[PDB]
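The next block holds one structure in the form of structure tokens; read it before the comments.
Just the heavy atoms: all of them, side chains too, but no hydrogens, waters or symmetry mates, feed the values below. Position 1 is the first residue of the sequence; numbering continues from there.
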Amino acid sequence: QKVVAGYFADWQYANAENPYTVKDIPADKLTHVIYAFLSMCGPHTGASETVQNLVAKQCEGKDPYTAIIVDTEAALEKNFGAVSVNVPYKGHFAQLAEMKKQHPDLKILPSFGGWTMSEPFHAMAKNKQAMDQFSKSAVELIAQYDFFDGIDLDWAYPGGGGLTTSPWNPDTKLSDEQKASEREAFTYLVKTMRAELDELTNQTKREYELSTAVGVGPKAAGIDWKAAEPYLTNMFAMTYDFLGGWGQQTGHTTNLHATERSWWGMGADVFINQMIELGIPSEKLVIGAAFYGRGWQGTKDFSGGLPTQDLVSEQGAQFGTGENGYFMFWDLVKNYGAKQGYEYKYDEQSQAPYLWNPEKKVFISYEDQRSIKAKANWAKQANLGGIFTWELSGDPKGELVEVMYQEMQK
Ligand SMILES: CC(=O)N[C@@H]1[C@@H](O)[C@H](O[C@@H]2O[C@H](CO)[C@@H](O[C@@H]3O[C@H](CO)[C@@H](O[C@H]4O[C@H](CO)[C@@H](O)[C@H](O)[C@H]4NC(C)=O)[C@H](O)[C@H]3NC(C)=O)[C@H](O)[C@H]2NC(C)=O)[C@@H](CO)O[C@H]1O
């Protein structure tokens, strides 16, 4: 029984072209659904205005660093349809409670953080009392919403490299002292959260999981894994976003294998191996698959061959499924295929698919059945814990999940 996990983005239902809800999740093919994202009462200056307003609203009457539902309309209020369970809310959470009823062996986790809401962790990590309050209140939150099976932490990232903590910019790069403080704080956080969950177990007699995302390369090495790992169930390795429309460097976003043609030698295999070397047990590690792609326009010096280690484009694509530069899998299948002038290609050495439009000079890197099969099989051979996807709505048919399930649970 390997992990076959999917993230469920709380916001995706709002796209009329793919209004994906909890009722669309292929629950019988997953071991875990992870609800993205919750946060805490702390600074969100780097998030959208929408998110900052939602947070400020929820902060009313709560202590600093209290675990919160952010989009409460999505989570609790919007009617996604009647359910058999008698719960005093609607939203996605009523649907998750129903899903748990119909699929009792599925594990459902809330994820705290994510790219745009990691910022408050940096403030929380400065004080033990802040971390205690977040731990206490996060466990109270799942105790109240008792279809949840534990807690996932998606703090991008202790030691920096996230949205408000870029090392490439002088005034956001974290100091050595702050990196060190955050290293110790992450251990304390997971120790405290694990203890709080163990107390909940003593009350309810259920087992709870505590898991975390892990960034790649230097972003993994900001945590003391030898100290932290005993507290954690799974580490979800974010083996994606290697390249993107933020830079002119063009190539694979989530390639399984590093090659001599990779930009900067990147590939999921090399990053997973580093994580194991840092002291994450392979059997706790879960490789990441993407149900989206990224793309570039005005790709230079390229005729449709294999991508190389110096491939560049004018810029990231000024087009996307919603925000520019990324594409959900379903949008790629519908709108960026052969009939639209995009040639599907597969880099066998990398195990990664890409799309090349020769007339328009557009390059897209993504993930498909072939690469997911390859990643699941590699995970098995590397004695990993399983595979997960960011995020389920990219695959409305459930066809990519089916590959994850069949190939991992094999
Ligand atoms: C730990 C870590 O770094 N995890 C990574 C993921 O965070 C990351 O995926 C990105 O996650 C962002 C949130 O952290 C996503 O931001 C969402 O962006 C959409 C626009 O795409 C916003 O949109 C809807 O939101 C409200 C709520 O219903 C709705 O009313 C609005 O009309 C609608 N907005 C628009 C313009 O459509 C969301 O509010 C926002 N969410 C948050 C919490 O800020 C971002 O989309 C997502 N990027 C992806 C999927 O490519 C993944 C992938 O990079 O990597 C993990 O490592």
Side-chain angles (χ1 to χ4, degrees), residues 6 9 11-21 24-26 29 240-256 261 289-308 311-376 389-407:
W11 63 91
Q12 284 288 32
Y13 71 96
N15 187 332
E17 293 289 339
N18 187 50
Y20 191 88
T21 72
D24 299 314
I25 295 173
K29 311 293 188 169
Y240 45 68
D241 292 335
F242 300 155
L243 296 170
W246 48 86
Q248 293 175 309
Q249 300 81 358
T250 297
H252 300 310
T253 56
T254 186
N255 51 305
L256 173 57
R261 286 182 293 100
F291 289 1
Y292 70 97
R294 302 184 173 276
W296 293 266
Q297 67 194 47
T299 301
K300 300 301 167 220
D301 294 335
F302 190 64
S303 286
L306 292 168
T308 60
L311 181 60
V312 294
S313 303
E314 170 199 312
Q315 62 180 302
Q318 294 181 298
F319 44 102
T321 307
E323 283 192 342
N324 291 347
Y326 70 97
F327 307 86
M328 303 290 111
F329 171 84
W330 60 263
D331 186 24
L332 294 177
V333 169
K334 182 58 174 180
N335 294 306
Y336 298 83
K339 153 181 168 64
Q340 297 82 35
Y342 293 83
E343 189 174 30
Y344 172 84
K345 294 168 181 285
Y346 196 77
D347 177 351
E348 289 279 357
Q349 193 191 357
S350 304
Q351 296 277 13
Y354 59 106
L355 302 163
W356 173 237
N357 185 320
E359 292 296 315
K360 307 308 186 283
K361 317 296 185 190
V362 174
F363 186 106
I364 294 169
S365 161
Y366 74 121
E367 175 107 278
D368 73 354
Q369 292 89 329
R370 192 167 288 106
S371 63
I372 291 169
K373 171 177 187 177
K375 287 182 167 177
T389 176
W390 180 277
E391 49 74 18
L392 286 164
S393 83
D395 171 33
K397 295 188 169 63
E399 68 208 320
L400 298 188
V401 174
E402 176 66 6
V403 177
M404 290 169 66
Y405 166 76
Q406 292 291 348
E407 296 303 318

Looking only at side chains, do [X] and [Y] share a donor and an acceptor under 3.5 Å apart?
| X | Y | answer |
| --- | --- | --- |
| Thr299 | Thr250 | no |
| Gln318 | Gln297 | yes |
| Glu391 | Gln12 | yes |

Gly251 and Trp296: which non-hydrogen atoms are nearest, and at how many Å? O-CH2, 3.3 Å
For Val312 and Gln249, which heavy atoms make the closest approach, and how far apart are they? CG1-CA, 4.3 Å
I want to check something: taking the side chain as every heavy atom from C-beta on, are [X] and [Y] in contact at a cut-off of under 4.5 Å?
| X | Y | value |
| --- | --- | --- |
| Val401 | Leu392 | yes |
| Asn15 | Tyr20 | no |
| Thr321 | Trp330 | yes |
| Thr254 | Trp390 | no |
| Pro307 | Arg261 | yes |
| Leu243 | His252 | no |
| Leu311 | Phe363 | yes |
| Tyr344 | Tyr346 | yes |

In this structure, is the centre-to-centre distance between the rings of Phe327 and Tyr366 below 6.0 Å? no
Between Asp241 and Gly244 (side chain of the first, backbone of the second, donor and acceptor by atom type, cut-off under 3.5 Å), is there such a pair? no
Checking the side chain of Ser371 only, and the main-chain atoms of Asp368 only, is there a donor and an acceptor separated by less than 3.5 Å? yes
Once rounded to the nearest 0.5 Å, what's the spacing between atom [atom1] of [X] and atom [atom2] of [Y]?
| X | Y | atom1 | atom2 | result |
| --- | --- | --- | --- | --- |
| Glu399 | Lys29 | CD | NZ | 12.5 Å |
| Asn18 | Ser393 | CG | OG | 5.5 Å |
| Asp301 | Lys361 | CG | NZ | 10.5 Å |
| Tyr292 | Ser365 | OH | OG | 9.5 Å |
| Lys345 | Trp356 | NZ | CH2 | 9.5 Å |
| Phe291 | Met328 | CZ | CE | 11.0 Å |

So does [X] have more than 12 non-hydrogen atoms from other groups sitting under 6.0 Å from [atom1]?
| X | atom1 | value |
| --- | --- | --- |
| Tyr342 | OH | yes |
| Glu343 | CD | no |
| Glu359 | CD | no |
| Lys397 | NZ | no |
| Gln406 | CD | yes |

In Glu402, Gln351, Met404, the residue satisfying side-chain contact (heavy atoms from CB on, under 4.5 Å) with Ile372 is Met404
From the list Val333, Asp331, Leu332, side-chain contact (heavy atoms from CB on, under 4.5 Å) partner of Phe329 resolves to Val333
Pair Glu367-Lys375, salt bridge (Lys or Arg N to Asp or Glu O under 4.0 Å): steps then yes or no: CA-CA 10 Å; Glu367 175 107 278; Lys375 287 182 167 177; 2.7 Å; yes
Between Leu400 and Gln369, does a side-chain contact (heavy atoms from CB on, under 4.5 Å) hold up when you go through it step by step? CA-CA 6 Å; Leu400 298 188; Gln369 292 89 329; 3.6 Å; yes
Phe319 and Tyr336 aromatic ring geometry - parallel, tilted or perpendicular at 30°/60° bounds: parallel
